[PDB]
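Asker: let me give you the complex in parts, starting here:
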Amino acid sequence: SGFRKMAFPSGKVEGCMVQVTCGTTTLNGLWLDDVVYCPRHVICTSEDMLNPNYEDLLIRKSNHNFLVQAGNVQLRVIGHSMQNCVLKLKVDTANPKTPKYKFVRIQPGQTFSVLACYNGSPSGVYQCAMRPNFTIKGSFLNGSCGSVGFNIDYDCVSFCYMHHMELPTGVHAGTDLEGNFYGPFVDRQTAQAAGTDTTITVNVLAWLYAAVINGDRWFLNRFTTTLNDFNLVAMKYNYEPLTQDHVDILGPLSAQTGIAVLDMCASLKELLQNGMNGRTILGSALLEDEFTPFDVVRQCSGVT
């Protein structure tokens, strides 16, 4: 019992972190096999960030200009290429600590762990969701660029995020491991609009199921609703419309608790319309949307 915002164990990712320096800019890199991946803006000075021509900036660089240091050990760079917004530095040594891994592009609303790093050194690990507007509400300071987000399936690390930028609003933007930004963002020092965000409805319902499993049941009521009726309420409260695909992935939690998905929707409808009334659910005074149905099942069954 108990329910926490749990991150994956970060050990497999810690073994991959390196420091990358190009000129006067230092950030983090991810060393997997014989390649180091890092944000391409490592090649920019602060002046370059206003309107960078990355192709021209990279042409002024040679392999020997990319200094890669794995803690104490120096890597020899034998190739460099830019793919979208990431640089791939080929090194002459495969990382002996490379875990089994995949590169995945996650969907908005999915969750992942971030290993925040500075100068190639891990500082902390936290769990977060990719917002529906493709930003993440992380905890990142200058030097955190190159820190990665990931999920783990037994012994396989699926890397899904590389940190690039903090928007003027204090929220964060980054790319998949092929260097494609999540959302409309570009790697430039220009104010950029993140879309209107919404609350991840299926995750709030998953978390209400986690609450019932752990004994927090006060919000359960005598009501039911329909997808159409619930979606009128979701619209009013800026929640994602619930679909049958979301109801389908909530099936295991509905089966475990015996609470039909639309009956849990009626509890969520009442909480949106009435608020919490000064009460808490799983130690929170607001509706939590950073746990997917898969996370709730994993945490409630003890998967390693």
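Answerer: Okay, I see it. Numbering: from 1, shown residues only, chains lettered A, B, ... in the order given.

Asker: am I right that residue A:268 is in contact with residue A:208?
Answerer: Yes: Residue A:268 lies in contact with residue A:208 (CB atoms under 8 Å); the separation is 6.3 Å. The C-beta positions use only the backbone N, C-alpha and C, and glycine is treated the same way.

Asker: higher neighbour count, these two?
Answerer: The residue with more neighbours, out of residue A:268 and residue A:208, is residue A:208; 28 against 23, by other CB atoms under 10 Å.

Asker: what helix or strand is the more buried one located in?
Answerer: helix A:201-213 (DSSP states H and E).

Asker: next structured bit after that helix?
Answerer: Next helix or strand after helix A:201-213 toward the C-terminus (DSSP H and E): helix A:227-236.

Asker: contacts made by that next one with the rest, please.
Answerer: Contact with helix A:227-236 is made by A:201, A:225, A:239-244, A:247, A:262, A:265-266, A:268-269, A:272-273, as judged by CB atoms under 8 Å, 6 or more residues apart in numbering.

Asker: out of the residues you listed, who's the most crowded?
Answerer: Greatest neighbour count in these, by other CB under 10 Å, goes to residue A:265: 26 neighbours.

Asker: contacts only, for that one.
Answerer: Here residue A:265 is in contact with A:205, A:224, A:225, A:227, A:230, A:242 (CB under 8 Å, 6+ apart).

Asker: try 10 Å this time
Answerer: Each residue near residue A:265 by CB atoms under 10 Å, 6 or more residues apart in numbering is listed here: A:201, A:205, A:208, A:223-227, A:229-231, A:233-234, A:242, A:247, A:250.

Asker: most remote residue from the middle of chain A, which is it?
Answerer: Computed with CA atoms, centre = their mean, the residue of chain A farthest from its C-alpha average is residue A:222, at 36.4 Å.

Asker: before we move on, the earlier item: closest one of the contacts of residue A:265 to residue A:96?
Answerer: Of all the contacts of residue A:265, residue A:96 sits closest to residue A:250, with 42.0 Å by CB to CB.

Asker: roughly how far apart are the closest one and residue A:244?
Answerer: 10 Å (CB to CB, to the nearest Å).

Asker: overlap in contacts, these two.
Answerer: Residues touching both residue A:250 and residue A:244 by CB under 10 Å, 6+ apart: residue A:261.

Asker: OK, contacts around residue A:102?
Answerer: Residue A:102 neighbours (CB under 10 Å, 6+ apart): A:150, A:151, A:153, A:156, A:157, A:158, A:159, A:160, A:177.

Asker: among the residues you listed, which lie within strands?
Answerer: A:150, A:151, A:153, A:156, A:157, A:158, A:159, A:160 (DSSP state E).

Asker: which residues do residue A:268 and residue A:208 both contact?
Answerer: Common contact partners of residue A:268 and residue A:208 (CB under 10 Å, 6+ apart): A:219, A:287.

Asker: and which of the contacts of residue A:265 is nearest residue A:90?
Answerer: So of those, ranked by how close each gets to residue A:90 (CB to CB), first place is residue A:201, at 43.8 Å.

Asker: next one: that closest one from residue A:264, what distance?
Answerer: 11 Å.

Asker: who does the closest residue to residue A:136 other than its chain neighbours bridge with?
Answerer: Leaving aside its sequence neighbours, residue A:136 sits nearest to residue A:172 (CB to CB, 6 or more residues apart in numbering; 4.8 Å). Note on residue A:172: beta-bridge partners residue A:136, residue A:166, judged by DSSP bridges.

Asker: enumerate every residue touching residue A:172.
Answerer: When contacts are counted by CB under 10 Å, 6+ apart, residue A:172 touches A:114, A:128, A:131, A:135-140, A:144, A:147, A:161, A:163-166, A:185, A:194.

Asker: chain B should go on the structure too:
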Amino acid sequence: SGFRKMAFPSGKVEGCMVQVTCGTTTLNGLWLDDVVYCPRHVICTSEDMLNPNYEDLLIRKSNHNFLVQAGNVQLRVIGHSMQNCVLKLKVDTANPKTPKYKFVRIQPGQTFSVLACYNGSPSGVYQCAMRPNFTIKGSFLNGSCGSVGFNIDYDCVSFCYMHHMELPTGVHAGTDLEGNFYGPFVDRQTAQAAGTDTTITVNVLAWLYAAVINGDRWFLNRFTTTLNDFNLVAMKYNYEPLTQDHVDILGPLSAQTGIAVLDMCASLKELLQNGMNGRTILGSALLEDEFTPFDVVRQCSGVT
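Answerer: With chain B added, the chains above now look like this:
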């Protein structure tokens, strides 16, 4: 910017986790140098837990009855001893992955990371506080016993907690690494009272400073208070009385923000008396007490 409930990177601790089996009971063990530490209740059956005589139960066990497996590798047990509520199994092989470490007994109100484990395998990492009543509100299932709590100071892991028990209330109890329980608990299947808990005042003030640093400032007011006046409010709202020792450790945050500690106390006084008014602070709709002043400074400066 951004502020998250961040855990320490768990890699150094993952390398120490092993599975310990004695008879039909399996739990987690911590392998440091040539010793494996685990809860002594690994020697009990479910029937034994009602009123165990651990000395007599341990006398029926030999070194060869303790099966220790480090993932895939089997450890040879060459000695066993009970120290308070932990067993120490001497093995013939020093853990090659032993980090620099210390055993510390933390104070109530301090925070630490927990690496939740099952069958010797890490499942997740989360940050929590030791409550003033010496319980922790963790996320633990059957088989999680032996999971540890820790802090990290550069390359040194300070182990402070080993998980032993879930109280009938769903909160958690455990020991330091010398096997002494935190709080009044005993390792027996008997209902046990955890003391009245309080809110960790110095941590709420540290978190209000973290909020101002990150731009959440709506709660700042034109008022000030005294320690005596603030403590009358703390008493009414079940908060720990604030002392000059707490004001002293808040000095770096007061200096960074220019907000005198007693002026922040007046903001906290107004929030206790008026509530949040439907607003949030750092994404929370309640007053958060799981960040110490040291955690806020570490997170706000990027320490690795």
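
Asker: could you re-examine the contacts of residue A:265 with chain B now present?
Answerer: For residue A:265, the contacting residues are A:201, A:205, A:208, A:223-227, A:229-231, A:233-234, A:242, A:247, A:250, by CB atoms under 10 Å, 6 or more residues apart in numbering or on different chains.

Asker: repeat for residue A:50
Answerer: By CB under 10 Å, 6+ apart, residue A:50 lies in contact with A:44, A:188, A:189, A:190.

Asker: mind checking how far the closest residue in space to the first one that isn't next to it in sequence is from residue A:104?
Answerer: When the adjacent residues along the chain are set aside, residue A:44 lies closest to residue A:52, with 5.5 Å between them (CB to CB, 6 or more residues apart in numbering or on different chains). Between residue A:52 and residue A:104 the computed distance is 28 Å (CB to CB).

Asker: just residue A:141 next, same as before
Answerer: Residue A:141 is 26 Å from residue A:104, by CB to CB.

Asker: what does residue A:274 give?
Answerer: From residue A:274 over to residue A:104 the distance is 39 Å, taken as CB to CB.

Asker: which one of these two is surrounded by more residues?
Answerer: residue A:104 (16 against 9; other CB atoms under 10 Å in any protein chain shown).

Asker: residues near the nearest residue to residue A:71 once chain neighbours are set aside, how many?
Answerer: Closest residue to residue A:71 apart from its sequence neighbours, by CB to CB, 6+ apart: residue A:120 at 6.9 Å. A count of neighbours around residue A:120, defined by other CB under 10 Å, yields 22.

Asker: correct me, but residue A:120 touches residue A:31?
Answerer: Yes: taking contacts as CB atoms under 10 Å, residue A:120 lies within contact range of residue A:31: 9.4 Å.

Asker: so what's residue A:18 bridging to?
Answerer: residue A:29.

Asker: residue contacts, it?
Answerer: Per CB under 10 Å, 6+ apart, neighbours of residue A:18: A:28-31, A:36-38, A:68-71, A:73-75, A:89, A:91, A:95, A:117, A:119-121, A:146.

Asker: what's the ChimeraX syntax to select whichever of those residues are buried?
Answerer: Of those, the buried ones can be selected in ChimeraX as follows, counting by 16 or more other CB atoms under 10 Å in any protein chain shown:
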select /A:28,29,30,31,36,37,38,68,69,70,75,89,91,95,117,119,120,121,146
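
Asker: inside strands: which ones of the contacts of residue A:18?
Answerer: Going by DSSP E, the strands hold A:28-31, A:36-38, A:68-70, A:73-75, A:89, A:91, A:117, A:121 from the contacts of residue A:18.

Asker: gap between stretch A:136-144 and the chain center?
Answerer: Its chain's C-alpha centre and that of stretch A:136-144 lie 12 Å apart, by CA atoms, centre = their mean, to the nearest Å.

Asker: ok, it near chain B or not?
Answerer: Yes: for stretch A:136-144 and chain B, the contact criterion (CB under 10 Å from any CB of the partner chain) is met by A:136, A:137, A:138, A:139, A:140, A:141, A:142, A:143, A:144.

Asker: ok, back up a step: and the helix holding residue A:208, what other elements does it pack with?
Answerer: Applying 3 or more CB pairs under 10 Å, 6 or more residues apart in numbering or on different chains; DSSP states H and E, we find helix A:201-213 packed against helix A:227-236, helix A:244-249, helix A:251-257, helix A:261-274, helix A:293-301.

Asker: out of these, which comes closest to residue A:19?
Answerer: Once these are compared by CB to CB, helix A:293-301 is nearest, at 31.5 Å.

Asker: dump the residue contacts of residue A:153.
Answerer: A:8, A:100, A:102, A:303.

Asker: measure it to chain B for me?
Answerer: For residue A:153, the distance to chain B (CB to the nearest CB, to the nearest Å) stands at 13 Å.

Asker: which strand residues bridge that residue?
Answerer: When assigned by DSSP bridges, residue A:153 has beta-bridge partners residue A:156.

Asker: from what I can see residue A:192 touches residue A:133, true?
Answerer: No: using CB under 10 Å, residue A:192 makes no contact with residue A:133, being 11.6 Å away.
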